[PDB]
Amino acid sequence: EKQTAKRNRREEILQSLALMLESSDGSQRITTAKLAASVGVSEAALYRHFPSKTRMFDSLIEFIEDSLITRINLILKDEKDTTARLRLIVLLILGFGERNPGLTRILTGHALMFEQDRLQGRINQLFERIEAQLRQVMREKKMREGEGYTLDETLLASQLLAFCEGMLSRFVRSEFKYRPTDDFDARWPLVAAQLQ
């Protein structure tokens, strides 16, 4: 059972964490105490699965950029139409954040305020890889359809990133009332109108 108690138990913890990250505990502080008291175990025992805590958020982060980056690549493969790609990518980011309120607080950097600066750096890099992936998609425009955008691709990419972060930030401060995908079908044509 070494492996069916090591990972199986290492999940019910990250589950209580994610929830905590979005519930009341999201407004305030995440303590090794509150954390074990939810999974019905002692501190020392919570420690065995996750020794520190600064490295315990990467377990969560690193479920984020993977669950996000791998989808983006799987989007570029399933879809070839530039616009359709950007639409799917933006919806991916939005849809993921919505179904993971707790993880969004990490994305927006509010959950990382109490942790050390190492983490906010990891998330910036995550946005770097998303944005860089936006430009590329945009640059394939010419070779795929005949002509590229007239405007600078970077400007367009950051503009799309701004939309995503804005919706996520808005999702957070509204206490998850304003869902990032709400009215997306009406919103997207507006965002796309920027792409040339």
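Quick note: we count residues from 1 along the sequence shown, nothing fancier.
In this crystal structure, the stretch out of 8-16 and 184-192 whose C-alpha atoms carry the higher mean B factor is 8-16.
In this crystal structure, the stretch out of 69-77 and 106-114 whose C-alpha atoms carry the higher mean B factor is 69-77. Highest C-alpha temperature factor among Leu168, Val41, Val137, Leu160, as the PDB entry reports it: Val41. When the CA B factors of the chain's modelled residues are split into thirds, the value for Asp152 lands in the middle one. Looking at the C-alpha B-factors along this chain, the one for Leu46 belongs to the highest third. Sort the modelled residues of the chain by CA B factor and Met56 lands in the highest third. The PDB entry assigns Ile123 a C-alpha temperature factor belonging to the middle third of its chain's modelled residues. When the modelled residues of the chain are ordered by their C-alpha B factor, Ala33 lands in the highest third.
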